[PDB]
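S.K.:
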RNA sequence: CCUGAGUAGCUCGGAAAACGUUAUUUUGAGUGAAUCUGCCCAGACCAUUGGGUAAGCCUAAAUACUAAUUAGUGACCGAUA
RNA sequence: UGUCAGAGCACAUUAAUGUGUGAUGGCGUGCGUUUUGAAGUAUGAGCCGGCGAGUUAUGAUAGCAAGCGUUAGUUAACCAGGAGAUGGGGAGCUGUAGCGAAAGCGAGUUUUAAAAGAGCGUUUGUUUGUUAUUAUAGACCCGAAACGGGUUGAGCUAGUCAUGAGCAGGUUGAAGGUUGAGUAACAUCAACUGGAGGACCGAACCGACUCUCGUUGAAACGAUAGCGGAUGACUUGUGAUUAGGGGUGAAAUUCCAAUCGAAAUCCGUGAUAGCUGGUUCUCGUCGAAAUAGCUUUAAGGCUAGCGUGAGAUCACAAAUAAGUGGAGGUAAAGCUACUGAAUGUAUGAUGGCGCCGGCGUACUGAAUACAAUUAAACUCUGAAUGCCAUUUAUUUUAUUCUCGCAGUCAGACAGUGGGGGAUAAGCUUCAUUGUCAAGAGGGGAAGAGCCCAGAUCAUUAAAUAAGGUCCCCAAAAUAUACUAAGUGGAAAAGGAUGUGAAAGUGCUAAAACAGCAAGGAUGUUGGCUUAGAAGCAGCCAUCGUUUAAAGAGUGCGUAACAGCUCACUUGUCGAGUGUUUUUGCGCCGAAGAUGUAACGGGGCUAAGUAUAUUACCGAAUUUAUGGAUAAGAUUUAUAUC
RNA sequence: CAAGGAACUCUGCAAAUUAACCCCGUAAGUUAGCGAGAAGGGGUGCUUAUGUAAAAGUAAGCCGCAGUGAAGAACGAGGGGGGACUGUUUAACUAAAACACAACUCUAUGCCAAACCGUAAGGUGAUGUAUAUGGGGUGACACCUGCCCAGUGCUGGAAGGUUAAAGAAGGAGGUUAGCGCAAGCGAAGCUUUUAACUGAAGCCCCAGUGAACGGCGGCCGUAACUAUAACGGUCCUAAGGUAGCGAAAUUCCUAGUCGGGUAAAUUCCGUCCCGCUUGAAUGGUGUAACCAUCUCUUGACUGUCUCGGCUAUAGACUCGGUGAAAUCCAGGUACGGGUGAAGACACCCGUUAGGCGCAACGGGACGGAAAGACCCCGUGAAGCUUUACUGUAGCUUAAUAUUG
RNA sequence: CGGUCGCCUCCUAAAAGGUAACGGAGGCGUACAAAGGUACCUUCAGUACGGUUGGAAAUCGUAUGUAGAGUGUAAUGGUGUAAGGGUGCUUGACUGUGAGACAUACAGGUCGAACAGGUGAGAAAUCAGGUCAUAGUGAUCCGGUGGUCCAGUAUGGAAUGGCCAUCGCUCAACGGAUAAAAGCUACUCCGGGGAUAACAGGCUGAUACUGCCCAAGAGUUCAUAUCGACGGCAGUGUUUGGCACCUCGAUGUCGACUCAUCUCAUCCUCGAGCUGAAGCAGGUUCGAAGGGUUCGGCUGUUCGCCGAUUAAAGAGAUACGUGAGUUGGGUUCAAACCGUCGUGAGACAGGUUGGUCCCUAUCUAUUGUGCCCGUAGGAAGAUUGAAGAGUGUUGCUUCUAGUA
RNA sequence: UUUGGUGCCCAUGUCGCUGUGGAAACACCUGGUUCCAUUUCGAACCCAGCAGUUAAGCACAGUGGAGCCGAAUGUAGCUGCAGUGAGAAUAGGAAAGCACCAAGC
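Here it is in structure tokens:
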């Protein structure tokens, strides 16, 4: 591939990796407003694994609560209401008619510590794997351009700055996770 | 700043050959003297005009050179050898 | 009867020759004739022809040069020369 | 750092508008150097005195003169003598026939069947003297790191050998063995023998790891305060020892006489130096290039072109104007006349589809018509300018050739057309037009490339060019308007009843605008809908009624309302009332750090700007006179052009 | 020098703090030797007496503000990294994480040894004698040194192909005696030419030798997602780094995460193992002690600092004597703006300054010495390395004379 | 390092020709007894119409079509009975030449009337010395092959030499220095360059920063309370740049300490205005440069991160200011290791340890203090003020008042 | 001058549409018997003649339908702000023209 095509392939792989990383960081305990914290965790509806988007809708009326809207209030709201409680939430939920409104008081300083530690370690694993793929791409590049040094150096900083941009995006998303954690 | 160079992909040509006409109107010329250099026939041969194997147009007799227009709309050009007073 | 044998020479590397190896000459290695009927050479060589017979030596003369002496000179330098 | 002058002062000479000196006015940013170029913050030069760098030997070529001169000239060498020319001396050479590879032939040869056709031949010179150039000689002066050879250094360090010395003092107390206890015996325990230990502290000594001072030092590595070793991997003395494509090296490219990727000394060698530096009398005349090609080549070198000098050509040559003639395919313009692209619209192809070959295809859209288009590599066409040749007229011996000597390629700037870069760059690449380089001056605030312009010299003479006229600073005023920004004398898009003028545009003394007063409703809270919008949350139509007047409401204002208010119409009073457009000068937009800092300044509302007039100033320009002189001509009077 | 006390800072550089003698007490580790002056406390005086050969020590009294009263006297502890250590190192920048080093391992050498030097005798080795010498590498001690002979180098092997000089099986031609009408054939001498075949060593060839150079992977499916990789298949290689360690003198990301450290620490300590480019004698891990070794923390300690100042000198200043240097085109050598070969004491514009000094301190004169030495070029030099070329020392092979 | 070195085609190239580019577009290191020639015969592509399989596209019949077909080929073109196709015939795809032109510094390369002889095609006049054309090729030294009316070292031959023809040579750096030659040197040095470096300085302002406008929209509504795309205008010099310049016979830097200054695009203290400004705490826009705007840990790190504190811990410039004021911590001498690379000298825009900063002040400016003169008869006091300079920081608590 | 061939120019010329005409002709037309000829074949060609025609080619008239061509202004483009001079668009013509020879006339 061309060096720009090398960047494109690396960006595709990094986009998949970022989808993965967002998926894991979502489930990790926070102040818990993440719609995808609940989404990547399947629910036990009548003893069966079910999702939430394909079954219900999510909303946030106040900026400290979450609202779940199912279609059925006699057969479907219970299957999600049972699994909302006794989970990583640690809060007592209530139902207001056709919607479950769950409040999320801030976590204790200790559980928040392990949650942040594990989130940072997950981001570290993603970082190490992304750098490994970057080194693989650089190996293909040294198989590719071995002629003009000034051009090969240009390719080196091209890959480096692409990596820095993706690192910045991942760190910004981590900061978003940390702020909504508050 | 000082980056790599190479593969400009362009900037190549050949030696510009002296192509075109070889006589001026009003010049008294002789036989076997070349008048025009071209490819194909952009200038058509008139009386006493010979063709050399490199698509060259030369005179065949002694006389003066003149230009004439021919073709359906007179867009084509001929060169004729109008001989001097003889 | 004799006239200058490891001789001339042939080959392997050479060098000198204007010649960067070519007639010719010389040898570190090998090889090695004829006896003036012969040999050498006449820029490979061959025949005829020409000339001389190597394989011993010496040789004033014109030759370079002044370290100096004798007399003299300098379209030589004059104490920064 | 002085010039042009110059008050005054003191004098009086190669006696002459004299000398010295200058209160003060005008003017003025060194010399060589190399570069496109330096007052240069580019380099060298403190100054002074001498000295200090293109010669020679030979040979050739070119120029000028001479001797001889159509078989002449001339001798190399050698000899006679004054260290002399000279004479004796033709040894040979050049020119006297060339062609062909040569044989060979020859006023012809060779190619060739051919002397066809072509090449050269089809005939002048020799030798010296001067100058210049070239060639071999180190061959203008000087500067390299460098190489080899011949030698000397181990006295300094290093290495070993033999001879010796030295380690003040005080410590700690190992191994080993004896004895006694213990232990089956050991192992072990205590005393003793003992004083070993790349053992300790610590003199001297060895080395110098660190702080400070020092840095043309007291010192070419120190002073002082700390440091390690200081019984051994120990320091030293004496004599020898190993020497340089070599030795030595607890190894670092260490050391080998304060210096060493390999010491110094003498020579080859005066090595080489496309790179630096310099190169010493006068004057006259002419007087380029920084471009092209080639290059183990880009700093260099070779050839061209160019300049210059001698000759000839000397108007058929070359230019300058006038004219004719040709090409182009540039600009423009167009692109159903192409090429690629591409848009608005119509019947609508192919038709997907729907559809029982048609039926809608509301999509893709052929071609066509439509009105426009974009192109350096688009051109149905299609300019001009220019270029060439050509005719007429002027000029030249020349921009023609040969010969001798060259020089330059690292150009730059401004304008035009560009390209690249960004129609960024005082940038690069180009072509063209001019400048500097190689040539100064005035304007331009001072400025190499801008404008005017081309300088023999002296002028205390005139006309001027560009350009300028309030003052600095020579140099003008009148009239017409604008300006109130100091615009002039930084600015952008946008904005603005700034402002002047121009053009038209409605009413109107039956009274125009305005100022202000009165109403301004109505079905009607029209409905969708907001529990709460109905004249104004959001949406839909947004009309008629009475009225001069009136909008499902101009807005304001309300949860809805309401209410206020206006368009609309009338009224009080009574002379101006509007945008419609285009131009001059304006304002904002306009914030950065030595001192105003985007008129030269003081200042300027003219001393600013544009408009017509007559003026003036003002250049090394031109003219004038005077002096010299160069190239030429009547001609030698030493006169003129 | 009142107080603080490393807060200044790349870092306790430096300085201060500790000392000498006697008496208590001294740990971890430990390879028993050390650690140890460990860590830490008390006293050192005068007179009398007890005291001994001399003391030391002790009792009583005596106070000073303080009694090795002056003198010269290790500061210490902990953590981490490297190296075993004591030591050698660039004379005159760098004293070490380097080198050396005992030890370990590999290799060659049977004597007139290998080796090294010299041309050569000859000499060390060595007048040694394989437990000795020489080389290569790793460098207390303890435990290991995983795979691969692909290519290379070495050793061994001989068939096979390939192999010189040289020898001659043999071929061809010239000159011409002669034979020939020509044409031509052509004896002998010389002439000229390399080909049958022989021709070694050696190379290609085959094995072993990696504690000899050295190197020692990918693709796909599958692990409560999964990029990961426990796993299973495929391709390639000679084998695909085994162990061990693993942000290390190695880690770009990185200042990686984590806990301690720290109020607050891009440094530090241990850990996390996909480790850009770790890695096992071009060795790996623990590793006792030690370093004029490096770094961090800590008790004390101080004008390093907070925050600087004073006393004495030697200067600095003056007086008398003596007295040089670098620099140096010439100068009477201001300011701001602009200009320029783009940073103006000399230029133009405006401003101001009587002239000459002395003492500090040096903005500028793109200050001084140093024809760039940083980078580039020169058809420059020099050295160094090498499957760059050509030679060549040395070693080895064949022929020939020695040599039958 | 890239790419190129030779040659040809289009634009660039601005209408004679021609003109550079590391500018924009492509190729050649050729093909052919036909694709040369001669004589004769013949005329498009495409599109349309109608037809067995058979259509979009196989082909024919016709019309139409100006040749966009085709031309051995890269592009230029031309090429409408042609420069193209079909038939037959030969291979002039001649020998010796050649007046004369082209283009050009040389070398060379391009055409060439016409002649002598011989032919071929066609009965023929006429044509044929290669293709419709332009790339399509390497001199020379040396060497080989055949022929030669050339010479044969005294002669005779021969060998051998000479002439013509022929072949070998990516001398592809392609006008080519030998038949034959790679790297390292931070161990390096010699001569040169601001014409070729990093920095500084200077020009430009792409970019960077800042300001502004247009305002869809978000904002119950309402662009401009607070923002504001979609887009542009500009400015600054200040971040990254382009520049190859006065300067490389020398303009010494990153940082740390000291000295600070000026400016505003103001951070606080000063003042004013608007609010989606109940108060308080504010946001907002401007005038506004007088003063001030912290400490500690880490990084050599300026910077940057963290903690604490005030009203705040503003931003730039002065050679990334500041050694003729101090230090070199890093950085950029050798020295050494780790990981990697080159096999090898070595290198790392990697880390790692240390690893020498010269000065007797000439002048101006600049801070103090004197000497002579002036200030007009000499001397001594006291002044005005001409001109400026220093200085213009600011917090907390309480009362008014828990009042509005 | 009418017809046929043919000469210069090589669409202002043409292409097309509506008619007329051939006595002599030019042409169609009748055959492959003959020389010759077909990538084949009397299609073309060559031999030999006009039974039939103005059909068509052909010429003359009208037709400006398509296409071609095209009056002036100015600017565009340019050369020292005057000159130079467009293209395009437009009216519009053009239904080719100059000839020679042989006959009929």
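Protein chains in written order, with the authors' numbering: chain 7, 1 to 182; chain u, 17 to 102. Think of the CB as a built atom: it goes at the ideal place given N, C-alpha and C, for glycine as much as any other residue.
(1) Closer than 9 angstroms, Cβ to any Cβ of chain 7: which residues of the segment 19 to 53 of chain u, in chain order?
(2) List the residues of chain u that residue 189 (chain 7) touches, going by C-beta distances under 8 angstroms, in chain order.
(3) Does the segment 120 to 140 of chain 7 come close enough to the segment 159 to 169 of chain 7 that 3 or more CB-CB pairs lie under 8 angstroms?
(4) Kindly give me the distance between the Cβ atoms of residue 62 (chain 7) and residue 81 (chain 7), rounded to whole angstroms, as I take these residues to be in contact under 8 angstroms.
(5) Buried or exposed: which applies to residue 182 (chain 7), given that a residue is buried once 16 or more other Cβ atoms fall within 10 Å of its Cβ?
(6) Starting from residue 166 (chain 7), trace the alpha helix (DSSP H) both ways and give me its first and last residue.
(7) Tell me residue 81 (chain u)'s beta-bridge partners as DSSP assigns them.
(8) Helix or strand or just coil, what does DSSP make of residue 133 (chain 7)?
(9) Leaving out five residues on either side along the sequence, give the residues of the same chain with a beta carbon under 8 angstroms from the beta carbon of residue 11 (chain 7).
(10) For the candidate residues 41 (chain 7), 57 (chain 7), 146 (chain 7), 79 (chain 7), whose alpha-carbon lies nearest to that of residue 3 (chain 7)?
(11) Count the CB pairs spanning the segment 34 to 46 of chain 7 and the segment 119 to 133 of chain 7 that are closer than 8 angstroms, and state whether there are at least three.
(12) To be precise: take each residue of the segment 145 to 178 of chain 7, compare its Cβ to all Cβ atoms of chain u, and keep it if any distance is under 7 angstroms. Which residues remain?
(13) Checking the sheet assignment: what are the DSSP bridge partners for residue 48 (chain 7)?
(14) Among 89 (chain 7), 109 (chain 7), 91 (chain 7), 77 (chain 7), which one has its Cα closest to the Cα of residue 99 (chain 7)?
(15) Leaving out five residues before and five after residue 86 (chain u) in sequence, what residues of the same chain have Cβ atoms less than 6 angstroms from its Cβ?
(16) Restricting to Cα atoms, I'd like to know which of 141 (chain 7), 114 (chain 7), 25 (chain 7), 130 (chain 7) is closest to residue 180 (chain 7).
(17) Under the rule that 16 or more other beta-carbon atoms within 10 Å means buried, what is residue 107 (chain 7), buried or exposed?
(18) On the DSSP letters alone, give me the boundaries of the alpha helix (DSSP H) that residue 14 (chain 7) sits inside.
(19) Quick one: what does DSSP say residue 57 (chain 7) is sitting in, helix, strand or coil?
(20) Would you mind stating whether residue 70 (chain 7) and residue 55 (chain 7) have Cβ atoms separated by less than 8 angstroms?
(21) Take the Cβ of residue 47 (chain u) as the centre, count every other Cβ of all protein chains shown within 10 Å, and call the residue buried at 16 or more, exposed below.
(22) Whole angstroms are fine: how far does the CA of residue 155 (chain 7) sit from the CA of residue 29 (chain 7)?
(23) List the whole-angstrom C-beta distance separating residue 35 (chain u) from residue 58 (chain u), where the pair is believed to meet the contact cut-off of C-beta under 8 angstroms.
(24) Taking C-beta to C-beta, are residue 83 (chain 7) and residue 114 (chain 7) nearer than 8 angstroms?
(25) Can you tell me whether residue 26 (chain u) is helix, strand or coil according to DSSP?
(26) Contact defined as beta carbons within less than 8 angstroms: I believe residue 19 (chain u) pairs with residue 150 (chain 7). What is the distance between those atoms, to the nearest angstrom?
(27) Curious, which full-length beta strand (DSSP E) runs of at least 3 residues does the segment 83 to 132 of chain 7 contain?
M.R.: In brief:
(1) 19, 20, 21, 22
(2) Limits of chain 7 in this structure are 1 at one end and 182 at the other, which puts residue 189 (chain 7) out of reach.
(3) yes
(4) Walking along the first chain from the start, residue 62 (chain 7) turns up at place 62. Walking along the first chain from the start, residue 81 (chain 7) turns up at place 81. Not really, about 19 angstroms apart at Cβ, beyond 8 angstroms.
(5) As a first step, residue 182 (chain 7) is located in the first chain; it is residue number 182 there, counting from the start. Residue 182 (chain 7) is exposed by the Cβ-count criterion.
(6) As a first step, residue 166 (chain 7) must be located in the first chain, where it is residue number 166. That run of the alpha helix (DSSP H) goes 149 to 181.
(7) Stepping through the second chain from its first residue, residue 81 (chain u) is reached at position 65. For residue 81 (chain u), which the question treats as bridged, DSSP gives the partners 97 (chain u).
(8) Mapped onto the first chain, residue 133 (chain 7) falls at position 133. Correct three-state label for residue 133 (chain 7): helix.
(9) Locating residue 11 (chain 7) in the first chain gives position 11, where the first residue counts as 1. Result list for residue 11 (chain 7): 162, 166, in chain order.
(10) In the first chain, residue 3 (chain 7) corresponds to position 3, counting from 1. With distances taken between Cα atoms, residue 3 (chain 7) lies closest to 146 (chain 7).
(11) no
(12) 148, 150, 151, 154
(13) On the first chain, residue 48 (chain 7) is found 48 positions in, with the first residue counted as 1. Beta-bridge pairing links residue 48 (chain 7) to 45 (chain 7).
(14) Taking the first chain and counting its residues from 1, one reaches residue 99 (chain 7) at position 99. Comparing Cα-Cα distances from residue 99 (chain 7) to each of 89 (chain 7), 109 (chain 7), 91 (chain 7), 77 (chain 7), the minimum goes to 77 (chain 7).
(15) Residue 86 (chain u) sits at position 70 when you count from the first residue of the second chain. So the qualifying residues of the chain are 92, 94.
(16) Sequence index remark: in the first chain, residue 180 (chain 7) carries index 180 (1-based). Ranking 141 (chain 7), 114 (chain 7), 25 (chain 7), 130 (chain 7) by Cα distance to residue 180 (chain 7) puts 25 (chain 7) first.
(17) Translated into positions along the first chain, residue 107 (chain 7) becomes position 107. Residue 107 (chain 7) is buried by the Cβ-count criterion.
(18) Counting from one through the first chain, the residue named residue 14 (chain 7) turns up at place 14. Run containing residue 14 (chain 7): 3 to 27, per the alpha helix (DSSP H) assignment.
(19) The residue given as residue 57 (chain 7) occupies position 57 in the first chain. Of the three classes helix, strand and coil, the one that applies to residue 57 (chain 7) here is strand, per DSSP.
(20) Taking the first chain and counting its residues from 1, the one referred to as residue 70 (chain 7) is at position 70. Taking the first chain and counting its residues from 1, the one referred to as residue 55 (chain 7) is at position 55. In contact: residue 70 (chain 7) and residue 55 (chain 7) (Cβ atoms closer than 8 angstroms).
(21) Translated into the one-based positions of the second chain, residue 47 (chain u) becomes position 31. With fewer than 16 Cβ atoms within 10 Å of its Cβ, residue 47 (chain u) is classed as exposed.
(22) As a position in the first chain, residue 29 (chain 7) is number 29, starting the count at 1. As a position in the first chain, residue 155 (chain 7) is number 155, starting the count at 1. The alpha-carbon atoms of residue 29 (chain 7) and residue 155 (chain 7) are separated by roughly 40 angstroms.
(23) Indexing the second chain from 1 puts residue 35 (chain u) at position 19. Indexing the second chain from 1 puts residue 58 (chain u) at position 42. So it is not a contact: roughly 11 angstroms between Cβ atoms.
(24) Here residue 83 (chain 7) is taken as the residue at index 83 of the first chain, counted from 1. Here residue 114 (chain 7) is taken as the residue at index 114 of the first chain, counted from 1. No, they are not a contact pair.
(25) Reading the second chain from its first residue, position 10 is the one you call residue 26 (chain u). Looking at residue 26 (chain u) - three-state DSSP - the assignment turns out to be coil, as it is neither helix nor strand.
(26) Stepping through the second chain from its first residue, residue 19 (chain u) is reached at position 3. Stepping through the first chain from its first residue, residue 150 (chain 7) is reached at position 150. The Cβ separation is near 5 angstroms, so the contact holds.
(27) 94 to 96, 99 to 103
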